[PDB]
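Okay, structure first, notes after.
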Number of protein chains: 2
Amino acid sequence: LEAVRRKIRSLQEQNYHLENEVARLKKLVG
Amino acid sequence: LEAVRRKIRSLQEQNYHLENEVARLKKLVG
(Lines give C-alpha, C1' and ligand atoms only; values in the text may rest on other atoms or scores of the structure.)
Protein backbone atom coordinates (compact mmCIF):
# COMPACT_ATOMS: atom_id res chain seq x y z
CA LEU A 1 0.00 0.00 0.00
CA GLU A 2 2.91 2.33 0.93
CA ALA A 3 5.04 1.76 -2.26
CA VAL A 4 1.73 2.46 -4.33
CA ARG A 5 0.81 5.59 -2.25
CA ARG A 6 4.13 7.27 -3.20
CA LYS A 7 3.97 6.12 -6.88
CA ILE A 8 0.58 7.78 -7.51
CA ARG A 9 1.78 11.06 -5.96
CA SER A 10 4.94 11.08 -8.06
CA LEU A 11 2.76 10.09 -11.06
CA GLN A 12 0.00 12.58 -10.27
CA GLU A 13 2.70 15.26 -10.01
CA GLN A 14 3.93 14.61 -13.53
CA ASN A 15 0.50 13.59 -15.11
CA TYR A 16 -0.60 17.22 -15.11
CA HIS A 17 2.99 18.46 -15.40
CA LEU A 18 2.70 16.60 -18.71
CA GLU A 19 -0.86 17.75 -19.52
CA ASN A 20 0.30 21.37 -18.55
CA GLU A 21 3.67 21.31 -20.49
CA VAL A 22 2.23 19.49 -23.56
CA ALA A 23 -0.59 22.13 -23.61
CA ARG A 24 1.56 25.21 -22.77
CA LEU A 25 3.69 24.43 -25.85
CA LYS A 26 0.64 23.86 -28.14
CA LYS A 27 -0.77 27.32 -27.32
CA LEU A 28 2.88 28.52 -27.37
CA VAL A 29 3.63 26.63 -30.57
CA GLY A 30 0.74 26.98 -33.02
CA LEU B 1 -5.98 -0.56 -2.29
CA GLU B 2 -7.71 -0.47 -5.66
CA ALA B 3 -8.12 3.34 -5.74
CA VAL B 4 -4.37 3.63 -5.74
CA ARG B 5 -4.07 0.39 -7.82
CA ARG B 6 -6.68 1.34 -10.55
CA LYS B 7 -5.15 4.80 -10.64
CA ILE B 8 -1.57 3.65 -10.33
CA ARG B 9 -2.01 1.66 -13.48
CA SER B 10 -4.03 4.61 -15.00
CA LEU B 11 -1.62 7.33 -13.88
CA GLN B 12 1.57 5.51 -14.95
CA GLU B 13 -0.43 4.65 -18.05
CA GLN B 14 -0.92 8.39 -18.61
CA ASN B 15 2.68 9.03 -17.47
CA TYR B 16 3.86 7.61 -20.73
CA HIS B 17 0.76 8.66 -22.57
CA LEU B 18 1.71 12.26 -22.39
CA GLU B 19 5.30 11.42 -21.56
CA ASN B 20 5.88 10.05 -25.08
CA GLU B 21 3.22 12.41 -26.48
CA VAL B 22 5.22 15.45 -25.39
CA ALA B 23 8.31 13.93 -26.86
CA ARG B 24 7.01 13.50 -30.30
CA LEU B 25 5.46 16.95 -30.23
CA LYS B 26 8.98 18.27 -29.35
CA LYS B 27 10.21 16.87 -32.69
CA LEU B 28 6.91 17.61 -34.47
CA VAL B 29 5.87 21.23 -33.72
CA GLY B 30 9.46 21.79 -32.55
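For the C-alpha coordinates, the naming scheme is as follows: chains receive sequential letters (A, B, ...) according to their order of presentation, residues are indexed from 1 within each chain, and ligands are indexed from 1 in presentation order.
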
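For residue A:4, the set of protein, DNA and RNA residues having any atom at most 9 Å away, when counting only C-alpha atoms and skipping those fewer than 6 positions along the same chain, is residues 1, 4, 5 and 8 of chain B.
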
*Please determine the contact residues of chain B with respect to chain A at a cut-off of 9 Å, counting only C-alpha atoms, and supply them as a ChimeraX atom specification.*
/B:1,4-5,7-9,11-12,14-19,21-23,25-26,29-30

*asked:* Matching each Cα of chain B to the same-order Cα of chain A and superposing by least squares, what RMSD do you find?
replied: 0.9 Å

*What are the DSSP alpha helix (DSSP H) residues of chain B, as a list in words?*
residues 2, 3, 4, 5, 6, 7, 8, 9, 10, 11, 12, 13, 14, 19, 20, 21, 22, 23, 24, 25 and 26 of chain B
